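Single-structure report; data block below.
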Amino acid sequence: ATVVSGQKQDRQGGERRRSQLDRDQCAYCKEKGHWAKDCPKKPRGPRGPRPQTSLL
RNA sequence: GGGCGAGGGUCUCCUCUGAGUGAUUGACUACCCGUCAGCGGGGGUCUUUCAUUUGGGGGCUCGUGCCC
Ligand SMILES: [Zn+2]
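The first sequence begins at 479 in UniProt numbering and counts up one residue at a time.
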């Protein structure tokens, strides 16, 4: 058996242009489902994150 | 079979392009300003040329010279 697949991830080859992006991806980490402005791998401000809920 | 030196593929880490802006130019010209009312200057737009932007490291693997 050989599976007929190779689990390729790409995002490399010689250039770093829009070649691995779409309007549903992140310019910073190349994930699909969010944009760089909300990247789960990038810092936030002005002095940390900005939540909208709390508990007591 | 292993090490050392170089490179390719692949993954990984540093990961942020989401169809911008300015100047040159022929024509047309929303709009504004001055006109002997003929036009003239600024402004808008399509064409146009130029500038602004394209890297690196590490693992694994393939490969090769030398060494063991
Ligand atoms: Zn992201």
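The beta-carbon is built from N, C-alpha and C at its ideal position, and this holds for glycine as well.
Straight-line gap, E493 to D500 (C-alpha atoms, nearest Å): 16 Å
Under the three-state DSSP convention, the category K515 falls into: helix
7 Å Cβ shell around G491 - same chain, five flanking residues per side excluded: none
As assigned by DSSP and simplified to three states, the class of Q498: helix
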